[PDB]
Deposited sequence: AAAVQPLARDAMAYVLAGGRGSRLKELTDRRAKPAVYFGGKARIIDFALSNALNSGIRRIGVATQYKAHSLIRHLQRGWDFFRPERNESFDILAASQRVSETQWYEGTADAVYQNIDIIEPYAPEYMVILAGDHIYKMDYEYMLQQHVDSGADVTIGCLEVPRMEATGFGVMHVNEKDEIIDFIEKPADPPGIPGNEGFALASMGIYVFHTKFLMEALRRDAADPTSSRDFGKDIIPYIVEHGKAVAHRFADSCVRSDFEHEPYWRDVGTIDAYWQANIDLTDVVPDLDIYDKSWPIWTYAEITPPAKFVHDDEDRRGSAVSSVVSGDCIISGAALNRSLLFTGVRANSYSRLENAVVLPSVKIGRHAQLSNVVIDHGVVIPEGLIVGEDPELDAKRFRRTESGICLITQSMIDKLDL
């Protein structure tokens, strides 16, 4: 009768570095990366935990986690222990670092056991999705599984880049293959394979034993995906949970939404798609809200309207404390505090907070880093060979622009 989330603790793995995001994660961890206009990536997993009724959350951080920890301190500060709530920030140590994803839990057993939760919900903190974990908790205790694993249903070509669960008639996992050339199809549903989301449900006592076992192991790489889960799919019982079964779909979302934003192109695409008339992600959904750190800001402002300059945004998303002064914006996403100045133009641009666009500058197909000041008259998106020399340019043509790249510029 009692919802299982009451006795569950969410453990969010947020030590990911996000290498292929390049300079975008040079001084911040991937979960701390901005998304959607006002939030960070980590906020989705945490909001999923909150909205699912999970009252205890732990966040494990590792490398370049200053801005992530500061975000968590100021954004996720409303939990009170005397109301049986808890939000623990568990930075590395805890010697220096976590030797792995599983080690990130093992090192903090004495944080977990005082709470004595019945269930452990292990979550990847670097994905953008909405999901009700209550469904996954029910399945785990119903099935009697040692571990329940959240899985995406993806076409078999696409599953080649994922960790794939080999499933039987009863969605029981018989084998795990990382990056299969030919991914095992679902029994009776070939053409689709199950891709692991990096979401794991355990009974706490089982998980504590499995990580103590893993720690005393000289060969282990101390990871769930590589050491913990492969051991269980063999000796124990591992079952699969479908994302479609628990995904919280807005009535304005055509399919279960899940983004890894693992590359610059992917990050740019996921953000720009929010400027659609009908976007895949419905950020205006009130049923399953995403909490984050936000300050009271002034409203967006658009000025100038003459023969040579007009401050205006079309097909765009614009946040607070933005002043669009004689600047033309099209198909762009502007985070809080952007200053765009006269005669400048933005097209296909994802613009992170507190960026300044100088007069006469024209930028197309770009991701601009937090706080960057774009010099007056700079042009991006016109000369591919020039843009590649100056900035990080994808083969799709998206340029990532940071202040360090701008500093090296006089030509």
* Structure fact -> Gaps relative to the deposited sequence fall at 1-3, 98-101
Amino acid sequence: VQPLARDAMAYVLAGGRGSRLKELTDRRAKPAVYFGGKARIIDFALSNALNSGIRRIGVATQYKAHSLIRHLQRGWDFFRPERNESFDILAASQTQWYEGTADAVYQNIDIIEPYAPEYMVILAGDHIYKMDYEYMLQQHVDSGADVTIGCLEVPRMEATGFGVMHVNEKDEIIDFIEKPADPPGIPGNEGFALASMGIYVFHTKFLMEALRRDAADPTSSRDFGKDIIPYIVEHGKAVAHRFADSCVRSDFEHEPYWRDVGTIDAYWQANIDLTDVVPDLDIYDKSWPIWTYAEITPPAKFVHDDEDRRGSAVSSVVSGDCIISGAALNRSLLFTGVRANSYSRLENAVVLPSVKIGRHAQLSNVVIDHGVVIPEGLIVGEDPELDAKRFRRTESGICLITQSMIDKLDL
From here on, numbers count along this sequence of modelled residues.
* Structure fact -> Per the PDB entry, mean CA B-factor is higher for 317-325 or 103-111, namely for 103-111
* May I ask you to compare 149-157 and 172-180 by their mean CA B factor in the entry and name the higher one? => 172-180
* Could you tell me which one of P289, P81, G311, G236 shows the highest CA temperature factor in the PDB record? => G236
* To do: Please pick out which of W258, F252, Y133, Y293 has the largest Cα B-factor as recorded in the entry.
  => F252
* To do: Taking the chain's C-alpha temperature factors as the reference, tell me which third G144 falls into: lowest, middle or highest.
  => highest
* Which third, lowest, middle or highest, does the CA B-factor of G125 fall in along this chain? -> lowest
* Asked: Going by the entry, which third of its chain does the Cα temperature factor of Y119 land in?
  -> middle
* Asked: Should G381 be placed in the lowest, middle or highest third of its chain by the C-alpha B factor in the entry?
  -> middle
* Lowest, middle or highest third of the chain for the C-alpha temperature factor of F302? -> lowest
